[PDB]
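Shown next as structure tokens: one chain only, the form deposited in one PDB entry.
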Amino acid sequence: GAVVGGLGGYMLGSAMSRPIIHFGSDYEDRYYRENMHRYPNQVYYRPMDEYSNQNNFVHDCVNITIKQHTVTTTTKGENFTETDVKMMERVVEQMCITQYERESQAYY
């Protein structure tokens, strides 16, 4: 809900399909596939009349877009994927078991 500093003068583009990007490592390749929805699908940018080259336009766009995405608030639930749910059920169960042993030890 907050806004990163110095965002005045930037405009928000219309959504686009998140690019399908492939990676060498199978890890990164699968990771992106399962997590891309967690990244933006639109970017912030300044008026064309302010630039003389693509590079500077892109520089500004990438940096402020990532910063704004980063400060954007959200619950951990929407940030978690199927994989995370699976991971948590496993770790929380082991920890819930550790808590049981703690309670039993110092019982009463």
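Heads up, when I say rigid core I mean the largest set of C-alphas that superpose within 1.5 Å between the two forms. Residue numbers here begin at 1 and follow the sequence given. Residues that one form lacks are left out of the comparison.
Although not depicted, the form deposited in another entry is the subject of the following passage.
A movement of the C-alpha atom of residue 73 reaching 2 angstroms or beyond is seen between the shown form and the other one when the two forms are aligned on their rigid core. The pair residue 66 and residue 80 is tighter in the other form: their Cα-Cα distance falls by no less than 3 Å compared with this form. Between residue 72 and residue 83, the Cα spacing is smaller in the other form than in the shown form, differing by no less than 3 Å. Relative to the superposed core, just one shifted segment between the shown form and the other one, defined as three or more consecutive residues with every Cα moved by 2 Å or more, spans 73 to 104.
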